[PDB]
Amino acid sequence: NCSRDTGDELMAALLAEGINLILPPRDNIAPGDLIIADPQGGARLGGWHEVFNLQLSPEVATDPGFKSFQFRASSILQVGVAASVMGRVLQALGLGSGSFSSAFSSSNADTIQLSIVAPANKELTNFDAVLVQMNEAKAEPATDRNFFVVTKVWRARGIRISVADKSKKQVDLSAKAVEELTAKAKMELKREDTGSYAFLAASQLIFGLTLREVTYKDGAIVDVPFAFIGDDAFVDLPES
């Protein structure tokens, strides 16, 4: 569980953009998509037809393409936290927390410095007009759930780390660690000439969403301005 009140430079940069980190990373979420969340449970992608008896979604407008965006921030993570974080992010690409714990322990690592490689975003440009269209449909309500519209999709090529021992000396991953990670990984593991390691997909994957909360009140859809789901900076978000 990664608290959003953590004092972490990259975490603060992500939250300044309203980013809800979603799990697993993926390729199939668009601006305007709907998330349905249980305030006392989980969240998932859903459809407006689960909230209203309609057929069509509103017409969404987006940026023509993704726009590059650099965070200029890194996270400094104690190795046990780093294994949990990286394992949660990369489990669907073959690398869970136990693999990272084994790798870091074999490497005499104490802290990991983590940054995001080649981030970009794509925005929903017509949020208010989406709500106008919904309210012009006059659809019947299909109740204690929360509803979020995706207003920005964030993608990245992967994660870069620097490994340090207890004296804050930068060190390589052990050969055992590299072999364990490379055997399981469904992505590229590259040692950079600076001594950092990059964990890279072949193209940019969606890792985060900016959200706006909406609610249904007295016969209208109303905006509740970044919104955040639950109590964990990471949101486990099954596909619809």
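Residue indices: 1-based, along the sequence shown.
In terms of unmodelled positions of the deposited sequence, the chain runs continuously from residue 12 to residue 13 in this entry. In the deposited entry, the stretch joining residue 142 to residue 143 is interrupted by 1 to 3 residues of the deposited sequence lacking coordinates. Looking at mean Cα B-factors across 196-204 and 63-71, the upper value is held by 63-71.
The stretch with the higher mean CA B factor, choosing between 230-238 and 4-12, is 4-12. You'll see in the entry that, of 178, 36, 54, 30, the Cα B factor peaks at 54. Residue-level inspection of the entry shows that, of 40, 182, 210, 174, 40 has the top Cα B-factor. Remark: residue 49 belongs to the highest third of its chain, ranked by C-alpha B-factor as recorded. In the PDB entry, residue 112 places in the lowest third of its chain by CA B-factor. In the deposited entry, the Cα temperature factor of residue 18 places it in the middle third of its chain's modelled residues. Ranked by Cα temperature factor within the chain, residue 160 sits in the lowest third according to the deposited record. Placement of the Cα temperature factor of residue 135 within the chain: highest third of the modelled residues, per the deposited record.
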